[PDB]
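Dumped entry_3.txt below, it's compact mmCIF, C-alpha atoms:
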# COMPACT_ATOMS: atom_id res chain seq x y z
CA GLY A 1 0.00 0.00 0.00
CA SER A 2 2.74 2.45 0.96
CA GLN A 3 4.73 1.78 -2.21
CA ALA A 4 1.55 1.09 -4.18
CA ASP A 5 0.23 4.56 -3.37
CA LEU A 6 3.31 6.66 -4.14
CA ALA A 7 4.18 4.57 -7.20
CA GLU A 8 0.58 5.13 -8.32
CA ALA A 9 0.95 8.92 -8.43
CA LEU A 10 4.69 9.18 -9.07
CA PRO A 11 4.20 8.14 -12.73
CA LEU A 12 1.27 10.56 -12.88
CA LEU A 13 3.11 13.72 -11.86
CA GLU A 14 6.33 12.88 -13.69
CA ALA A 15 4.32 12.03 -16.80
CA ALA A 16 2.98 15.59 -16.74
CA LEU A 17 6.13 17.61 -16.06
CA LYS A 18 7.82 15.60 -18.81
CA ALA A 19 4.97 16.48 -21.17
CA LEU A 20 5.99 20.14 -21.04
CA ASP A 21 9.60 19.29 -21.87
CA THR A 22 8.73 17.92 -25.31
CA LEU A 23 6.39 20.87 -25.85
CA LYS A 24 7.54 24.27 -27.11
CA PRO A 25 6.98 27.89 -25.99
CA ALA A 26 5.60 28.89 -29.38
CA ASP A 27 3.14 25.99 -29.30
CA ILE A 28 1.43 27.65 -26.34
CA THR A 29 1.21 31.23 -27.60
CA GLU A 30 -0.29 29.73 -30.76
CA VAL A 31 -3.57 29.65 -28.82
CA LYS A 32 -3.37 33.39 -28.13
CA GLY A 33 -3.38 34.03 -31.87
CA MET A 34 -6.66 32.41 -32.89
CA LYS A 35 -9.92 34.15 -31.98
CA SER A 36 -10.35 31.86 -28.97
CA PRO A 37 -9.27 28.47 -27.55
CA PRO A 38 -11.25 25.22 -27.92
CA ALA A 39 -13.98 24.05 -25.55
CA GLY A 40 -11.67 21.29 -24.36
CA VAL A 41 -8.68 23.45 -23.45
CA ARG A 42 -10.85 26.26 -22.09
CA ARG A 43 -11.06 24.17 -18.92
CA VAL A 44 -7.50 22.82 -18.89
CA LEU A 45 -5.80 26.17 -19.48
CA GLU A 46 -7.92 27.42 -16.58
CA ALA A 47 -6.99 24.53 -14.28
CA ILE A 48 -3.45 25.89 -14.51
CA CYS A 49 -4.26 29.45 -13.45
CA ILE A 50 -7.01 28.53 -10.99
CA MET A 51 -4.40 26.53 -9.07
CA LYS A 52 -2.47 29.78 -8.66
CA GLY A 53 -5.41 32.04 -7.87
CA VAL A 54 -5.33 34.41 -10.84
CA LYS A 55 -8.04 37.05 -11.21
CA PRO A 56 -10.11 37.77 -14.35
CA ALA A 57 -9.77 40.76 -16.68
CA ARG A 58 -11.77 43.90 -17.42
CA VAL A 59 -13.49 44.65 -20.73
CA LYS A 60 -16.69 46.02 -22.26
CA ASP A 61 -19.38 43.51 -23.25
CA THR A 62 -19.99 43.48 -27.00
CA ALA A 63 -23.47 42.00 -26.62
CA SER A 64 -24.40 43.95 -23.49
CA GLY A 65 -22.41 47.12 -24.10
CA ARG A 66 -21.59 47.45 -20.41
CA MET A 67 -18.55 47.02 -18.17
CA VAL A 68 -17.84 43.36 -17.41
CA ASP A 69 -14.98 41.07 -16.37
CA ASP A 70 -13.50 38.47 -18.71
CA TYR A 71 -11.49 35.63 -17.16
CA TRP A 72 -10.53 34.55 -20.67
CA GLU A 73 -8.41 37.56 -21.62
CA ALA A 74 -6.58 36.98 -18.34
CA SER A 75 -6.13 33.27 -19.05
CA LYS A 76 -5.05 33.40 -22.69
CA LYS A 77 -2.47 36.00 -21.67
CA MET A 78 -0.84 33.19 -19.68
CA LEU A 79 -0.40 31.01 -22.76
CA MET A 80 1.33 33.74 -24.76
CA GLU A 81 4.18 33.34 -22.27
CA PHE A 82 7.19 31.28 -23.37
CA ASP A 83 7.99 30.19 -19.81
CA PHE A 84 4.39 29.66 -18.72
CA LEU A 85 5.21 25.97 -18.34
CA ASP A 86 8.36 26.69 -16.33
CA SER A 87 6.17 28.23 -13.63
CA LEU A 88 3.69 25.37 -13.23
CA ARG A 89 6.62 22.97 -12.94
CA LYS A 90 8.41 25.28 -10.49
CA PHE A 91 5.29 25.46 -8.32
CA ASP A 92 5.38 23.79 -4.90
CA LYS A 93 2.77 21.04 -4.54
CA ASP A 94 3.08 21.62 -0.79
CA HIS A 95 1.27 24.93 -1.29
CA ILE A 96 -1.87 23.70 -3.06
CA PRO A 97 -5.00 25.21 -1.47
CA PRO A 98 -8.19 23.09 -1.28
CA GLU A 99 -10.06 26.05 -2.76
CA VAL A 100 -8.43 25.59 -6.17
CA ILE A 101 -8.90 21.82 -6.12
CA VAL A 102 -12.57 22.04 -5.15
CA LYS A 103 -13.25 23.95 -8.36
CA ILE A 104 -11.85 21.15 -10.52
CA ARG A 105 -13.17 18.39 -8.26
CA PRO A 106 -16.08 17.55 -10.60
CA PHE A 107 -13.71 17.96 -13.55
CA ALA A 108 -11.17 15.43 -12.28
CA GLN A 109 -13.72 12.83 -13.39
CA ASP A 110 -15.11 14.78 -16.34
CA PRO A 111 -14.40 13.16 -19.74
CA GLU A 112 -13.46 16.62 -21.00
CA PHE A 113 -10.67 17.13 -18.47
CA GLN A 114 -8.74 13.87 -18.78
CA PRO A 115 -5.27 13.48 -20.34
CA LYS A 116 -6.56 10.66 -22.55
CA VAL A 117 -9.38 12.79 -23.95
CA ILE A 118 -7.42 16.03 -24.24
CA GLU A 119 -4.80 14.10 -26.20
CA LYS A 120 -7.33 13.89 -29.03
CA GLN A 121 -8.18 17.57 -29.42
CA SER A 122 -5.07 19.01 -27.77
CA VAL A 123 -2.11 16.63 -27.95
CA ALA A 124 0.17 19.42 -26.74
CA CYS A 125 -2.16 20.96 -24.15
CA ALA A 126 -2.75 17.40 -22.93
CA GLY A 127 0.45 17.81 -20.94
CA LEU A 128 -1.24 20.51 -18.87
CA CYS A 129 -4.43 18.77 -17.75
CA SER A 130 -2.24 15.75 -16.99
CA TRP A 131 -0.35 17.83 -14.42
CA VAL A 132 -3.51 19.31 -12.90
CA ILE A 133 -4.97 15.88 -12.18
CA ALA A 134 -1.54 14.53 -11.24
CA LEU A 135 -0.60 17.26 -8.77
CA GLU A 136 -3.76 16.37 -6.86
CA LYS A 137 -2.77 12.70 -6.84
CA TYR A 138 0.83 13.25 -5.73
CA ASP A 139 -0.44 15.42 -2.88
CA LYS A 140 -2.91 12.75 -1.79
CA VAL A 141 -0.20 10.08 -1.67
CA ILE A 142 2.39 12.24 0.08
CA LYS A 143 0.12 11.91 3.11
CA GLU A 144 1.56 8.41 3.47
CA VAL A 145 4.08 7.96 0.66
CA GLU A 146 7.07 7.37 2.93
CA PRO A 147 5.93 7.37 6.59
CA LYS A 148 8.74 5.00 7.53
CA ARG A 149 6.76 3.54 10.43
CA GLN A 150 6.44 0.10 12.03
CA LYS A 151 3.57 -2.31 12.67
CA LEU A 152 2.54 -1.72 9.06
CA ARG A 153 3.13 -3.23 5.61
CA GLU A 154 5.23 -5.84 7.42
CA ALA A 155 4.80 -9.62 7.29
Output the file's structure in the form of structure tokens.
Amino acid sequence: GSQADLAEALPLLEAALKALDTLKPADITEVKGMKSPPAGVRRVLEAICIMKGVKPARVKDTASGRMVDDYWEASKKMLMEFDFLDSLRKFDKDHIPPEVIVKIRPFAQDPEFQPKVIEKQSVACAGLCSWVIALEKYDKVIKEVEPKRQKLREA
């Protein structure tokens, strides 16, 4: 159980961080060019910022004609970065608030937030969602990954 838990998430987190290595900085900003990102990445790209606690943007509604806030303009601006992936990988999993995980709780099981599904519409972005769902797994195992105690897992 002890080694079965850590070894169950280890390959999950490492599989994500390594996904960004093969990726490129220009491959990310490519999303900032088009009018708007896909319906599949719209959630993933957000799962990266939400984990940090980024605020939305400010713009005028084109359909309402009033002052409103757009969390998209603030999100896409994160993809235009060339080192946007260097930050998520440099983030400390020991500082992951339950407020950011509770927002993607129902998504962790959603078929539109999995690394296997995102690999169909977003092979590159797939490396992101994989880290979001992995970081939550590695943090759940760390609770007993290497307790180094007795009277347990011992025959």
Tell me which protein, DNA and RNA residues are within 9 Å of residue A:71, counting all atoms listed in the file, leaving out same-chain ones fewer than 2 positions away, and put them as a list in words.
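Counting only the stated atoms, we get residues 46, 54, 55, 56, 57, 58, 69, 73, 74, 75 and 76 of chain A.
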Given all atoms listed in the file as the basis, pick out the residue of A:42, A:66, A:60, A:149 nearest to residue A:125.
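Among the listed residues, A:42 lies closest to residue A:125.
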Fewer than 5 positions away in the same chain doesn't count, so skip those; otherwise give me all residues within 12 Å of residue A:29, counting only C-alpha atoms, as a VMD selection string.
chain A and resid 23 to 24 34 36 to 37 45 75 to 85 124 to 125
Quick one: pull the distance between atom CA of residue A:132 and atom CA of residue A:8, Å, one decimal.
15.5 Å
For atom CA of residue A:48 and atom CA of residue A:145, determine how far apart the two atoms are, in Å to one decimal place.
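Computed distance, atom CA of residue A:48 to atom CA of residue A:145, equals 24.7 Å.
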How many Å lie between atom CA of residue A:111 and atom CA of residue A:135, rounded to one decimal?
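The value is 18.1 Å.
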Please provide the set of residues having any atom within 6 Å of residue A:16, restricted to all atoms listed in the file, with same-chain residues fewer than 4 positions apart removed, written as a list in words.
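Residues meeting the cut-off are residues 127, 130 and 131 of chain A.
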As JSON, numbers by chain, please: the residues near residue A:47 (cut-off 8 Å, all atoms listed in the file, same-chain neighbours under 3 positions excluded).
{"A": [43, 44, 50, 51, 104, 129, 132]}
Excluding residue A:7 and its own-chain neighbours fewer than 2 positions away, which residues fall within 12 Å of it when counting all atoms listed in the file? Please give them as number ranges by chain.
A: 1-5, 9-14, 137-138, 141-142, 144-146
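Of the listed residues A:113, A:52, A:63, A:86, the one whose atoms come nearest to residue A:100 is A:52, with distances taken using only C-alpha atoms.
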Since the input is missing atoms for stretch 39-55 of chain A, could you rebuild it with N, CA and C atoms and give the result as a PDB file, keeping the file's coordinate frame?
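The resulting part37.pdb:
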ATOM      1  N   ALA A  39     -13.145  24.308 -26.712  1.00  0.00           N
ATOM      2  CA  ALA A  39     -13.980  24.050 -25.550  1.00  0.00           C
ATOM      3  C   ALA A  39     -13.342  23.018 -24.627  1.00  0.00           C
ATOM      4  N   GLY A  40     -12.351  22.301 -25.148  1.00  0.00           N
ATOM      5  CA  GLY A  40     -11.670  21.290 -24.360  1.00  0.00           C
ATOM      6  C   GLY A  40     -10.524  21.859 -23.550  1.00  0.00           C
ATOM      7  N   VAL A  41      -9.814  22.823 -24.129  1.00  0.00           N
ATOM      8  CA  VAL A  41      -8.680  23.450 -23.450  1.00  0.00           C
ATOM      9  C   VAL A  41      -9.148  24.585 -22.547  1.00  0.00           C
ATOM     10  N   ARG A  42     -10.300  25.163 -22.871  1.00  0.00           N
ATOM     11  CA  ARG A  42     -10.850  26.260 -22.090  1.00  0.00           C
ATOM     12  C   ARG A  42     -10.863  25.912 -20.600  1.00  0.00           C
ATOM     13  N   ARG A  43     -11.027  24.629 -20.299  1.00  0.00           N
ATOM     14  CA  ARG A  43     -11.060  24.170 -18.920  1.00  0.00           C
ATOM     15  C   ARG A  43      -9.651  23.856 -18.416  1.00  0.00           C
ATOM     16  N   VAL A  44      -8.869  23.175 -19.247  1.00  0.00           N
ATOM     17  CA  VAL A  44      -7.500  22.820 -18.890  1.00  0.00           C
ATOM     18  C   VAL A  44      -6.661  24.057 -18.616  1.00  0.00           C
ATOM     19  N   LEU A  45      -6.573  24.935 -19.609  1.00  0.00           N
ATOM     20  CA  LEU A  45      -5.800  26.170 -19.480  1.00  0.00           C
ATOM     21  C   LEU A  45      -6.182  26.914 -18.204  1.00  0.00           C
ATOM     22  N   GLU A  46      -7.433  26.756 -17.783  1.00  0.00           N
ATOM     23  CA  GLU A  46      -7.920  27.420 -16.580  1.00  0.00           C
ATOM     24  C   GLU A  46      -7.457  26.678 -15.326  1.00  0.00           C
ATOM     25  N   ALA A  47      -7.420  25.352 -15.408  1.00  0.00           N
ATOM     26  CA  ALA A  47      -6.990  24.530 -14.280  1.00  0.00           C
ATOM     27  C   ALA A  47      -5.559  24.855 -13.877  1.00  0.00           C
ATOM     28  N   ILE A  48      -4.832  25.516 -14.771  1.00  0.00           N
ATOM     29  CA  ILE A  48      -3.450  25.890 -14.510  1.00  0.00           C
ATOM     30  C   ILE A  48      -3.369  27.204 -13.741  1.00  0.00           C
ATOM     31  N   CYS A  49      -4.231  28.146 -14.106  1.00  0.00           N
ATOM     32  CA  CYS A  49      -4.260  29.450 -13.450  1.00  0.00           C
ATOM     33  C   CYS A  49      -5.047  29.387 -12.149  1.00  0.00           C
ATOM     34  N   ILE A  50      -6.165  28.669 -12.171  1.00  0.00           N
ATOM     35  CA  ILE A  50      -7.010  28.530 -10.990  1.00  0.00           C
ATOM     36  C   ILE A  50      -6.209  27.984  -9.808  1.00  0.00           C
ATOM     37  N   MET A  51      -5.240  27.123 -10.103  1.00  0.00           N
ATOM     38  CA  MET A  51      -4.400  26.530  -9.070  1.00  0.00           C
ATOM     39  C   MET A  51      -3.481  27.577  -8.447  1.00  0.00           C
ATOM     40  N   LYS A  52      -3.321  28.701  -9.138  1.00  0.00           N
ATOM     41  CA  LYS A  52      -2.470  29.780  -8.660  1.00  0.00           C
ATOM     42  C   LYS A  52      -3.295  30.874  -7.991  1.00  0.00           C
ATOM     43  N   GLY A  53      -4.538  31.024  -8.439  1.00  0.00           N
ATOM     44  CA  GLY A  53      -5.410  32.040  -7.870  1.00  0.00           C
ATOM     45  C   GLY A  53      -5.375  33.335  -8.651  1.00  0.00           C
ATOM     46  N   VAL A  54      -5.365  33.231  -9.976  1.00  0.00           N
ATOM     47  CA  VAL A  54      -5.330  34.410 -10.840  1.00  0.00           C
ATOM     48  C   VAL A  54      -6.717  35.016 -10.993  1.00  0.00           C
ATOM     49  N   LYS A  55      -6.773  36.342 -11.059  1.00  0.00           N
ATOM     50  CA  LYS A  55      -8.040  37.050 -11.210  1.00  0.00           C
ATOM     51  C   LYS A  55      -8.357  37.282 -12.685  1.00  0.00           C
TER      52      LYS A  55
END
